[PDB]
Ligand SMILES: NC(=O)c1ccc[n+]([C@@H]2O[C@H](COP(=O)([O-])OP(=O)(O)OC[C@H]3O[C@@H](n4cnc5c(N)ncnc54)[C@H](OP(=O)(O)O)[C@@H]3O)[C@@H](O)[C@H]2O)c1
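What follows is a single chain, given as C-alpha cells, in the form deposited without this ligand.
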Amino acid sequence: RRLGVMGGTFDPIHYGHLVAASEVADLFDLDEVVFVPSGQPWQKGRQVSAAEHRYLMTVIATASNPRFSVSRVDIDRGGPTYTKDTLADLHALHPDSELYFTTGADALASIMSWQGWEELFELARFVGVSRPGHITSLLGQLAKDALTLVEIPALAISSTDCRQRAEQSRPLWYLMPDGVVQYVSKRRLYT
C-alpha cells in the first residue's frame, strides 16, 4: 500500500496542486493522497493565512475526490512544521503504507539544504513537482529511487499569482475550484 503526502501551505490551494497530486498518484500507483497543510513554516518569508483558513480551503478543494483527504497533523502539532515530524506522525497513523512525500521542487530543495535528508529518506520516497521549465548527476548521487522530479504544466498556476489577483480584484475562476474562489472572497482572505 502506497500513500502520497502532499505538503504545502496551500495559501491558496489551486488546480496546479490538484493536478500535481493526481498525476503523482497515477505515476507511482498511490492508493490515496493525504494533503497536509502546514502549521507554521520555519522557512523565512511571508506570513501565511490563519491555519484554519488554509485547512478549510484544502478540505473544500479535495472533498469530491474519493482518493484525497486532508490531515491536521501539522496544524495541531504546535510550533514550526518540520517534514520529519509530519512523516513520523503519518507513519504512526498508516503503519503499513510506503509514504511518498510530494511538494514543490523549490520548497523541497530548501528543506534538504536546511534540514538534511538522510533521516527523511529513511521515512519516505520524495517527489518534487516543478513548473514547466548537471542536476541529473546530482540526482544520481542520491539513494536509488529516493527522489524523483516531475514536471507539471498546470503548476504554471501559482499561489502567488492567485493572491495578487485577489488583492487586485481580478477573477480567480477556473484557476481553483469554485468553492475555494468563493471562500477566498467571502472570508476576504487576500486584501
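Just count from 1 along the sequence shown to find any residue number. Think of the rigid core as the biggest set of C-alphas that the two forms share within 1.5 Å after superposition.
One more form of this protein exists, namely the form solved in complex with this ligand; it is left out here, but the text below deals with it.
How about residue 51: is it within 4.5 Å of this ligand in the bound PDB entry, going by heavy atoms?
Result no; residue 51 lies far from this ligand in the bound PDB entry.
Applying a 4.5 Å heavy atom distance criterion, does residue 99 contact this ligand in the bound PDB entry?
Contact with this ligand, no.
Do residue 106 and this ligand share at least one heavy atom pair within 4.5 Å in the bound PDB entry?
Because a heavy atom of residue 106 falls inside 4.5 Å of this ligand in the bound PDB entry, the answer is yes.
Just to confirm, residue 159 within 4.5 Å of this ligand in the bound PDB entry by heavy atoms?
Within the cut-off, so yes.
Which listed residue (166, 56, 155, 123) meets the criterion of a heavy atom within 4.5 Å of this ligand in the bound PDB entry?
Answer to the contact question: 155.
Please tell me which of 30, 129, 61, 70 lies within 4.5 Å of this ligand in the bound PDB entry, judged by heavy atoms.
None of the other options qualify; the answer is 129.
Tell me, which of 63, 142, 27, 156 is the one whose C-alpha shifts by at least 2 Å between this form and the one not shown, with the rigid core superposed?
The residue that shifts is 142.
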